[PDB]
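Shown here is one chain on its own, the form deposited in one PDB entry, set out as C-alpha cells.
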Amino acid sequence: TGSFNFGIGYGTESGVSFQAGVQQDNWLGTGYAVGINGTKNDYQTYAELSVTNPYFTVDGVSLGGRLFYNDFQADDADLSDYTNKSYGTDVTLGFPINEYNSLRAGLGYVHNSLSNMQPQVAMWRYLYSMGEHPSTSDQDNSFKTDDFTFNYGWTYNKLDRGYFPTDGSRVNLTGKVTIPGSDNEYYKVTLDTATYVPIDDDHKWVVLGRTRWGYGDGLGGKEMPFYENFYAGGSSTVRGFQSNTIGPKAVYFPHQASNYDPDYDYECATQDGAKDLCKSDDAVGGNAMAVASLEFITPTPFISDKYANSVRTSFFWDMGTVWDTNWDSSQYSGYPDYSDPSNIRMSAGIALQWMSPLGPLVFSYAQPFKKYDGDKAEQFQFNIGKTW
C-alpha cells in the first residue's frame, strides 16, 4: 500500500529542515516504485518525482527516472550572493556487479536560471568564458543554461552494519560530462571513501579514515560553471569550521547595493565609499577540493554496557582544501592566490553520536589548528535527524 512521510530536523549546517513525501511500491501494478518528495532548509527548497523498477531485467538491473526542481539562495549557505532556480530530468540504469559493488550509467537534462548575482571576479570570469558580460556595478542580472550530460557512478559498500560501522569500507565515485549541444562544456568527478579498521576483538576501539575529493574543469575555453563548485568546511566535512568557509573568497567589484540601508552591512557598496575591488571573507567554492580525516572511535566513558551500542564517542583530526584552478594570480597580485591547493585547513575535535529513539543525534566540538585569512570558525556543531 501507499505511504506518506513527514519529518522535521535541525542542525548548525542547514538550520531547520522540513521533509514531506509520498511513496508507492509497484504503483498501479506497473512494477515501478513511485515517489514524490520535497525538502526545505535555510538555503534550499528541493522537490522530486521518481519512478524506479529494481528489476528492469530478471537479474536485478534497475531502470529509474526522475523529475526535479531546486530553488537555492547562496547567501543563505554562507557563499557570495546569487539565486539559482533549476530543474531537470534524468534516466539511470543500475547494475549490481556483485554483492558489494554497483555501477550506474545515465543521461540527464538540467536547466539553470541564475539571477541576483553580486558581481565578483571568479564568477564574472566564468560568465565571460560563456560570452556573457553583465554589469559589474549592479546585482540585477540573469543568465540561463541548458545542459545534457552522461552520468556515471560506482558504489562499493562492505560496511559491517547500517549504523555505527566497526569494519569495512564505503566508496562512492560519481562523474559526469556534458554532451555536445549543451550550453556548458565540462566534466566533473567526485570520490568519497570511509574505511573502518577495528583494533580490539570486541570492535569497541575503531579507526576511521575518511576522504573526499572533487575535480572538474571546462572543456575548451569554457570553465566549469560556479554553480557546480565544490565546498568544504562544516559539521559533515571539516568540523570546527563554519559551513562552506574553506577555499577561495569573493573579490567583489564596487557596486550600488540593491536595497541600501545604513542600518545593515554590505560588501563593496559604493554608498559606503567603495571605488575599487574589495577583498572579502565570503566563500565561493572552487573547481578542486580535497578533504581527509583520521578519527579514533573509543568506548563511551561513564555509560552502561547495555546502552553502549547506542552511543559513539570519537576523537578526530580533519583536514581540507578547496581551490580555483583558473584563478589568475598574475592579474590579481594584490589578492591571495586562490589557485594554490596547499592552503590546507586543519582541526582537532571530539564527537558524540546517539542513535536515540527519535533518531540520530550528533554533537561535535572542534578547534581549527590551521586556518587562513577569511576562514570562519564554528567550534560547536550539531545535527538532529537524517538530513544535514
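Basically, rigid core = biggest C-alpha set you can superpose within 1.5 Å across the two forms. For every residue, the number given is its place in the sequence shown, counted from 1.
Keep in mind the form deposited in another entry is missing from the figure; the text below concerns it.
Only one entry in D146, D200, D76, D217 has its C-alpha moved by 2 angstroms or more between the shown form and the other one when the rigid core is superposed, and that entry is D76. Residue displacement note: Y10 has its CA displaced by at least 2 Å between the shown form and the other one (rigid core superposed). The two forms, fitted on the rigid core, differ between the shown form and the other one by 2 Å or more at the CA of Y260. Fitting the two forms on the rigid core leaves the C-alpha of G374 displaced by under 2 angstroms between the shown form and the other one.
The gap between the Cα atoms of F363 and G21 is smaller in the other entry, by no less than 3 Å, than in this form.
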